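One chain follows as C-alpha coordinates, the form solved without its partner chain.
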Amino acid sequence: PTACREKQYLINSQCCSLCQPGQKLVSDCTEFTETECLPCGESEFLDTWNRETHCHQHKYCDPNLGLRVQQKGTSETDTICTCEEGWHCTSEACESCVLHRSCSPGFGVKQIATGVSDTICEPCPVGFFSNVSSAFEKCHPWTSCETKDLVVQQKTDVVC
(Lines give C-alpha, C1' and ligand atoms only; values in the text may rest on other atoms or scores of the structure.)
Protein backbone atom coordinates (compact mmCIF):
# COMPACT_ATOMS: atom_id res chain seq x y z
CA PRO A 1 0.00 0.00 0.00
CA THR A 2 3.13 2.25 -0.05
CA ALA A 3 6.74 2.15 -1.33
CA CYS A 4 10.24 3.72 -1.09
CA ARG A 5 12.71 3.94 -4.01
CA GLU A 6 16.48 3.42 -3.89
CA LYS A 7 17.34 7.10 -4.49
CA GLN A 8 14.92 8.12 -1.71
CA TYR A 9 15.30 8.10 2.06
CA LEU A 10 12.77 7.94 4.87
CA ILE A 11 12.17 10.96 7.07
CA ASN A 12 9.09 12.04 9.05
CA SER A 13 6.83 9.30 7.59
CA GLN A 14 7.34 10.64 4.06
CA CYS A 15 9.77 9.11 1.57
CA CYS A 16 12.02 12.04 0.59
CA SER A 17 14.52 12.34 -2.26
CA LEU A 18 18.26 12.20 -1.68
CA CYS A 19 20.51 14.83 -3.24
CA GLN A 20 22.40 13.68 -6.32
CA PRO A 21 26.19 13.30 -6.08
CA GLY A 22 27.61 16.81 -6.18
CA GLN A 23 24.68 18.58 -4.49
CA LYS A 24 24.33 19.27 -0.77
CA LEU A 25 21.07 19.48 1.20
CA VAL A 26 19.45 22.81 2.10
CA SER A 27 16.15 21.76 3.73
CA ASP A 28 14.19 18.52 4.17
CA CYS A 29 11.23 17.51 2.01
CA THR A 30 7.76 17.88 3.43
CA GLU A 31 4.34 16.55 2.53
CA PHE A 32 3.92 18.92 -0.44
CA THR A 33 7.44 20.24 -1.24
CA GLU A 34 10.34 18.06 -2.33
CA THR A 35 13.93 18.09 -1.08
CA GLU A 36 15.87 21.18 -2.11
CA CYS A 37 19.56 20.69 -2.90
CA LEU A 38 22.37 23.02 -4.01
CA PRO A 39 25.52 22.23 -5.99
CA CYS A 40 28.79 21.91 -4.10
CA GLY A 41 31.45 24.60 -4.06
CA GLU A 42 34.02 25.00 -6.81
CA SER A 43 36.54 23.50 -4.36
CA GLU A 44 34.11 20.99 -2.78
CA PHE A 45 32.54 17.62 -3.62
CA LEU A 46 30.15 14.81 -2.56
CA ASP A 47 30.44 11.23 -3.82
CA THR A 48 26.96 9.91 -3.19
CA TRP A 49 23.22 10.28 -3.21
CA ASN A 50 23.28 12.03 0.10
CA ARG A 51 21.59 14.28 2.65
CA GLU A 52 24.66 16.11 3.95
CA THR A 53 24.50 19.89 4.40
CA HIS A 54 28.23 20.54 3.88
CA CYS A 55 30.39 19.35 1.01
CA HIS A 56 33.87 17.86 1.23
CA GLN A 57 37.11 19.79 0.76
CA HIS A 58 39.02 18.94 -2.47
CA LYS A 59 42.34 17.05 -2.36
CA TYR A 60 45.41 19.20 -3.07
CA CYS A 61 48.22 17.45 -4.93
CA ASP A 62 51.24 19.18 -3.41
CA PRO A 63 54.27 19.50 -5.74
CA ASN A 64 56.62 19.63 -2.71
CA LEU A 65 55.57 16.03 -2.13
CA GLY A 66 56.14 15.23 -5.81
CA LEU A 67 52.41 15.09 -6.51
CA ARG A 68 50.83 15.74 -9.92
CA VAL A 69 47.11 15.80 -10.67
CA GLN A 70 45.89 12.61 -12.34
CA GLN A 71 42.26 13.65 -12.58
CA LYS A 72 40.79 17.06 -11.75
CA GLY A 73 38.45 17.67 -8.84
CA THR A 74 34.85 17.62 -10.04
CA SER A 75 31.59 18.32 -8.22
CA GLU A 76 30.97 14.59 -7.84
CA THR A 77 34.48 13.12 -7.39
CA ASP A 78 37.63 13.92 -5.46
CA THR A 79 40.95 15.04 -6.93
CA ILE A 80 43.16 12.06 -7.73
CA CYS A 81 46.94 12.42 -7.40
CA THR A 82 50.02 10.57 -8.71
CA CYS A 83 53.77 11.00 -9.07
CA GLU A 84 56.50 11.98 -11.55
CA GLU A 85 57.72 9.61 -14.25
CA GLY A 86 60.25 7.80 -12.04
CA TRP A 87 58.42 7.90 -8.70
CA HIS A 88 55.84 5.82 -6.77
CA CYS A 89 52.81 6.58 -4.65
CA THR A 90 53.47 5.55 -1.05
CA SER A 91 50.03 3.89 -0.97
CA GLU A 92 46.86 3.78 -3.08
CA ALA A 93 45.71 6.92 -1.28
CA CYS A 94 48.86 8.52 -2.79
CA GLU A 95 49.69 11.00 -0.05
CA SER A 96 53.30 11.51 -1.23
CA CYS A 97 55.92 10.06 -3.57
CA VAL A 98 58.89 7.74 -3.20
CA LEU A 99 61.54 6.13 -5.36
CA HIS A 100 61.70 2.84 -3.45
CA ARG A 101 59.59 -0.01 -4.75
CA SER A 102 57.30 -2.14 -2.60
CA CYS A 103 56.83 -5.89 -2.65
CA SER A 104 53.53 -7.09 -4.05
CA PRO A 105 51.18 -9.69 -2.51
CA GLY A 106 53.05 -12.95 -2.59
CA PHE A 107 56.37 -11.30 -1.71
CA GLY A 108 57.63 -9.90 1.57
CA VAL A 109 60.39 -7.49 2.51
CA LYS A 110 63.72 -9.18 3.15
CA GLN A 111 65.53 -5.84 3.54
CA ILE A 112 63.97 -2.41 4.00
CA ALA A 113 65.69 0.06 1.64
CA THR A 114 68.65 2.25 2.68
CA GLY A 115 71.01 4.55 0.88
CA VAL A 116 71.02 3.47 -2.76
CA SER A 117 69.83 -0.09 -2.17
CA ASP A 118 66.19 -0.50 -3.20
CA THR A 119 63.88 -2.59 -1.04
CA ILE A 120 64.78 -6.27 -1.28
CA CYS A 121 61.84 -8.58 -1.85
CA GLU A 122 61.68 -12.36 -1.61
CA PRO A 123 58.70 -14.62 -2.31
CA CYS A 124 56.85 -15.85 0.78
CA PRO A 125 57.58 -19.52 1.52
CA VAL A 126 55.40 -22.25 3.01
CA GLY A 127 53.71 -21.30 5.09
CA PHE A 128 53.85 -17.52 5.13
CA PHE A 129 51.86 -14.93 3.24
CA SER A 130 51.42 -11.28 2.25
CA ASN A 131 47.99 -9.89 1.29
CA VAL A 132 49.25 -6.33 0.62
CA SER A 133 51.86 -4.48 -1.42
CA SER A 134 54.23 -2.80 1.01
CA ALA A 135 57.79 -1.57 1.32
CA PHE A 136 58.16 -2.56 4.98
CA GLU A 137 56.08 -5.61 5.86
CA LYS A 138 57.64 -9.04 5.80
CA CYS A 139 55.67 -12.27 5.33
CA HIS A 140 53.72 -13.21 8.42
CA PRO A 141 52.64 -16.84 8.97
CA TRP A 142 49.34 -18.66 8.61
CA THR A 143 47.16 -19.56 11.59
CA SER A 144 48.00 -23.16 12.64
CA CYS A 145 44.42 -23.84 13.67
CA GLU A 146 42.12 -26.85 14.33
CA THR A 147 39.42 -26.91 11.61
CA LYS A 148 41.34 -26.20 8.39
CA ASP A 149 38.45 -25.27 6.07
CA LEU A 150 40.55 -23.47 3.41
CA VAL A 151 44.30 -23.71 2.67
CA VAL A 152 46.46 -20.60 2.26
CA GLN A 153 48.23 -19.22 -0.85
CA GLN A 154 51.29 -16.89 -1.12
CA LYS A 155 49.02 -14.11 -0.48
CA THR A 156 46.09 -15.16 1.73
CA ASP A 157 45.73 -16.54 5.26
CA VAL A 158 44.28 -19.93 6.24
CA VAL A 159 40.60 -19.32 6.96
CA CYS A 160 39.40 -21.78 9.60
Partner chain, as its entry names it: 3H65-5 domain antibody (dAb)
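Positions refer to the first chain, counted from 1.
There is another form of this protein, the form deposited with its partner chain bound, and it is not shown here; the text below is about that form.
- Its partner chain is not drawn, but in the bound PDB entry it has a heavy atom within 4.5 Å of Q111.
- Looking at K148, you'd find every heavy atom of it more than 4.5 angstroms from its partner chain in the bound PDB entry.
- Mapping the unseen interface onto this chain, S102 counts among the residues with a heavy atom inside 4.5 Å of its partner chain in the bound PDB entry.
- In the bound PDB entry, at least one heavy atom of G66 sits within 4.5 Å of its partner chain.
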